[PDB]
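Next up: a single chain in structure tokens, the form solved without ligand 42J.
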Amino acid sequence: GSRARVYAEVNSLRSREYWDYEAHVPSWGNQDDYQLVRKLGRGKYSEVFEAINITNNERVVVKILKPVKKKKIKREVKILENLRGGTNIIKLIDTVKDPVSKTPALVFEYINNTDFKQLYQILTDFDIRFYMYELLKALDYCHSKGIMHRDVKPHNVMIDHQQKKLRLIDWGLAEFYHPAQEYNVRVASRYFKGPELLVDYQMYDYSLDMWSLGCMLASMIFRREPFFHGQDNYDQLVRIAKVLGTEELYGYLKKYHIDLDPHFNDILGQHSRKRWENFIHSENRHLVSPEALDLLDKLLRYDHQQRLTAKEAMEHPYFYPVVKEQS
């Protein structure tokens, strides 16, 4: 089997009520205090609005939850409660219901997001270090709280590039980590799915989020977004293997006794592991240092166990300029 190298037992060591979200009873406040201003987006199970609290004029974001198992709602609510105060985790202001329909909604702090497509073409070297460090604070926090996000991607990382504020949003796929538990591999967005998901390995952990973070780092330093652009879940693994290597994939599978869907036989081909320097060219050279490549190499690894933890990544020399500035 497999276990997280960090925070493996932290839910076991807490009160059952911490992680037994099905038993959680939220306190549902009154949505009538909020005026919806504009639609910001629509997810598979929610729609999101900018809003104003009419009682105090606070600008907020209201996530109206579409009908789903109330179990999934309790999970997201309990996770957000447990993460209260966490650095760079979106702040849950309240849990409310339409007082007539009883439809639930989550009220979050507002962030003035700069859409990532334009932003990621204009970041400086220091900006990338800064924002990756801020995102790592959120991941180390949630991992330390026994929670895997399972959907790290640019669309879930709100960045106010004027105030230099970052928040990790959309905890609707997040789950509690318990050692030896088998999890659904149908999580994360295609381009950010770790190889463990793509090969149907269910005994994954916090390190899934570190793969996704590595994908984001690669896209920022190299200016190829998304970095691994699969056409489907099968092709996603092929795109990874064309960089990390096919023999290297097979060694990973063998180590964890992972069975490979035979449809991969016709599409993986044979590929040597590539040097990360191969992705450097005149348009991105100013963003790519030895430190950046060393960090990236330690995140984008097949073996989920040997990827850096969020804390190990934060301690890497790549972030020394950020730490010194935050003196």
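Only residues modelled in both forms are compared. Whichever C-alpha set is largest while still superposing within 1.5 Å between the two forms counts as the rigid core. One-based numbering along the sequence shown.
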Next item on the list: Check the entry's C-alpha temperature factors for 65 to 73 and 31 to 39, then say which stretch has the higher mean.
Entry: 65 to 73
Note to self: Comparing average C-alpha B factors as deposited, tell me which of 139 to 147 and 184 to 192 sits higher.
What the structure shows: 184 to 192
Note to self: Checking the record values for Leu293, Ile258, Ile52, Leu300, which has the greatest CA B factor?
What the structure shows: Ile258
Checklist line | Highest-ranked of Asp115, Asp125, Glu175, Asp209 once sorted by CA temperature factor in the record | finding: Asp115
Check: Lowest, middle or highest third: where is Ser15 by C-alpha B factor in its chain?
Finding: lowest
Notebook entry, point to check: Which third of the chain holds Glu312 when residues are ordered by C-alpha B factor: lowest, middle or highest?
Noted result: lowest
Note to self: Can you tell me whether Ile169 has a C-alpha B-factor in the lowest, middle or highest third compared with the other modelled residues of the same chain?
What the structure shows: lowest
Item checked: CA B-factor placement of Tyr234, once the chain's modelled residues are sorted into thirds -> highest
Margin query: Which third, lowest, middle or highest, does the C-alpha temperature factor of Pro179 belong to within its own chain?
Written below: highest
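What comes next is about the form solved in complex with ligand 42J, which is not displayed.
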Check: If ligand 42J is transferred from its position in the bound PDB entry by superposing the C-alpha atoms around the site, does the shown form leave the pocket open, or is it blocked, with blocked meaning at least 3 ligand atoms within 2.4 Å of a backbone or C-beta atom?
Finding: open
Notebook entry, point to check: So which of 128 to 136, 231 to 239, 250 to 258, 191 to 199 is the stretch with heavy atoms within 4.5 Å of ligand 42J in the bound PDB entry?
Noted result: 128 to 136
Next item on the list: Identify which of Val157, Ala105, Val77, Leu244 has a heavy atom within 4.5 Å of ligand 42J in the bound PDB entry; exactly one of them does.
Entry: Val157
Next item on the list: Heavy atom within 4.5 Å of ligand 42J in the bound PDB entry: which of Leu83, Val96, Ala218, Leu123 fits that? Just give me the one.
Entry: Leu123
Item checked: 4.5 Å heavy atom contact, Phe116 to ligand 42J in the bound PDB entry -> yes
Next item on the list: Compare C-alpha positions between the shown form and the other one after fitting on the rigid core and state which of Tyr131, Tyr201, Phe116, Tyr110 moves by at least 2 angstroms.
Entry: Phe116
Checklist line | Pair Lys165/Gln121, Cα separation in the bound PDB entry versus the displayed form, closer or farther by 3 angstroms or more | finding: closer
Note to self: Using a 2 Å C-alpha criterion and requiring 3 or more consecutive residues, which regions move between the shown form and the other one after core superposition?
What the structure shows: 67 to 69, 115 to 121
